[PDB]
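Just the one chain here, the form deposited in one PDB entry, laid out as structure tokens.
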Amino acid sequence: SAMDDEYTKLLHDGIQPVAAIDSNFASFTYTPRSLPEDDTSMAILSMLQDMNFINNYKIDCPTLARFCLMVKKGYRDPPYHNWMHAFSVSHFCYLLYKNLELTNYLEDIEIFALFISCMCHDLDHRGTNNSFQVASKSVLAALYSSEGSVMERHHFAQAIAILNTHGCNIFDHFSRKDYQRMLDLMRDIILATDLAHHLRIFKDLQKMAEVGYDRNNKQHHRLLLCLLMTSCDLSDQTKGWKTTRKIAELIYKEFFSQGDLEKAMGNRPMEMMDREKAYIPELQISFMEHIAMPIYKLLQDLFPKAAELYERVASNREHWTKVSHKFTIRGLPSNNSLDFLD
């Protein structure tokens, strides 16, 4: 019923102009997690409208309103992999569209697929990684462990289940060819969010950046879509320091909850998921150096206007070294007590 009245307003009230959301809404400096969650479904419609997808693809407005709410409701509330993550990843896709001239690189339908994939790419995340699905012998591992990318296959399957819900198939007027294309793109893009997949294709991404993007090379299109999806997925690290500090809190809260579960199963968690071993500043520096910075360096190599993104990621990484000394207890704790020693 609450879904129903939210739908009624989303459908009949009109799509707010994107500029009314925030006067910096289309800037790389904007932090979409500042938007109240109650306003995010309308902001999705505003972005879809501003990218001209609603008109270009003649999306049915009741269907689209239903779809957007179904996707939002398809996220649970772990500390990090929740709807506000999917919303902020989608918003970064919109930023890429508005700032980087993606139409010189990608087909319209590929840009559309990228944005819809961003909305859907973590659907029904339970706050645990692929390794945990296998180790805990979850239903998801029973379905997909033999293919790999367990969670990402689930996210994709959830996206399809939403489309296959009556009243929610925003593509169902597409030609059979275009429908097959959209769903194939969604598969490839959502599966690209597995960082194991990123790490596997990284050399090919480097080689594409080295030789130069060839808009007539179908494999270049696929590679670029993967890179852009990863860039959206990690885009929290391209904001200022307070965003990255908070996002670190959320990720490690989620990780440490998984680690507590693995210990209860008699298994040794990864150091980064073990609240007794993980040293957050060094793990964040390592993640920035070895994963985040190279991704945004490739993005800048391909799109010079993305330079500020890489510079911000590098700065945030420098901040971690600067604050690391504060994880060492000087003097006495604030209570003047050493009772934590016992």
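By rigid core we mean the largest C-alpha set that fits within 1.5 Å across both forms. Numbering starts at 1 and runs along the sequence shown.
As recorded in the PDB entry, 310 to 318 is the stretch of 310 to 318 and 56 to 64 with the greater mean C-alpha temperature factor.
Looking at mean Cα B-factors across 151 to 159 and 217 to 225, the upper value is held by 217 to 225. Taking the deposited Cα B-factors for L95, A209, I170, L114, the highest one is held by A209.
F256: CA B factor in the middle third of modelled residues in this chain (values from the PDB entry). In this PDB entry, the Cα temperature factor of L199 sits in the top third of its chain's modelled residues, the highest group. Among all modelled residues in its chain, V323 ranks in the highest third by Cα B-factor. When all modelled residues of the chain are sorted by CA temperature factor, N267 is found within the highest third. Sort the chain's modelled residues by C-alpha temperature factor and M293 lands in the middle third, per the entry.
Separately, the form deposited in another entry exists; it is not shown, and the next lines address it.
Shown in the overlay between the shown form and the other one, fitted on the rigid core, is a CA shift at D13 of 2 Å or greater. Residue displacement note: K322 has its CA displaced by under 2 Å between the shown form and the other one (rigid core superposed).
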